[PDB]
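This document opens with one chain alone, in C-alpha cells, the form deposited in one PDB entry.
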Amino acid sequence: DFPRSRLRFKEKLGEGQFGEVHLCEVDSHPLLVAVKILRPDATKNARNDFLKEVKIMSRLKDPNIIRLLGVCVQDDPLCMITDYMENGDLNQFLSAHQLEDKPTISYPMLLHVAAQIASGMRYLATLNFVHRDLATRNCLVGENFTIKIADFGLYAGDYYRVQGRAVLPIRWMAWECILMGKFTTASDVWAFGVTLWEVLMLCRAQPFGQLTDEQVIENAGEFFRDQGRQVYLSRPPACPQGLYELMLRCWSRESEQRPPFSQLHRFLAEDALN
C-alpha cells in the first residue's frame, strides 16, 4: 500500500493550504483516481498537516463521505488517493443546472442530493465527528448524482479573514460559532440548513449575499439577544413552505432544538415527497 509507480498524472484539479489534487490513471482498462500530494512550496508544517489529514480520513468509511483508497506515506513522495468524483464540487455542478420547467435537475433530485448529504452527516454524528465547514463547495459529485462530503480546501468570498485568526465561513455558521468559536454536531446542523438552502437555490446566490460580513456577524449578536431582530435566509423559489420550515428548525436559537441528522434524513427521503 500503495506502489507509487502505478500512478499516471493527467490534470491538476485544485490546490489548498498544504496540498494539490491531481486526476491520475492506475494501470493495475482506464481506472481514474484523485491524488493529493504536497504543494511544491511545502514546508515541514505542511507535511505534518498532510499526515494528520491521512489519519483523520482513514477513519471515515461511508457511501456519502469521501473515502481514502490508499496512501504513499512510507517511502516519499507523500500521497493520498480517493475516488475520482467526475462532476467536481456540488456548487459548480448545481450552478450549471436549472430547475426543470413543469442541463436540468428535478425537485425530487434536489431532495435526493440533500438526503445524501444528510446521510453522510448522520454517519459523522455517530462518530461524534464535527465537520466545521459543511457547504456545497465542500461536497463532491460522482456518477448518477452520487454525493460525497469532503473536508476540502477559490471560494475566497465565503470566508471571513482577520489577521492572526482562523479563516471562518461565517455565512454557514450558527450564531454561537460566530460569537464563541464553539463548533458541535448542533452547529453542523445549522450549516446543513444553509447547505440545503444553497441546493434549493441551485447555488445561484451567496447566503446573506446582499449583507456585508460585519452585518452577518452583528446578525449573530441578534440571535444571542433574542429580541426579534435576527434575520434568516429567505425561502428559495424552488422550496415549498414545508421544506422551508425544516430549514428554519436547523436555525433554532437553542442548539438542542435543532433536528438530528437522522430526522433531517427521514424528512428529505420520505416526508418531502408528499
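Just count from 1 along the sequence shown to find any residue number. Only the largest set of C-alpha atoms that superpose within 1.5 Å between the two forms is called the rigid core.
Another form, the form deposited in another entry, is not on view; read the next lines as being about it.
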Fitting the rigid core first, would the Cα of residue 246 be found 2 Å or more away between the shown form and the other one?
no
*C-alpha of residue 19 off by 2 Å or more between the shown form and the other one on rigid core*: yes
Does the distance between the two CA positions of residue 10 reach 2 Å or more between the shown form and the other one, the core being superposed?
yes
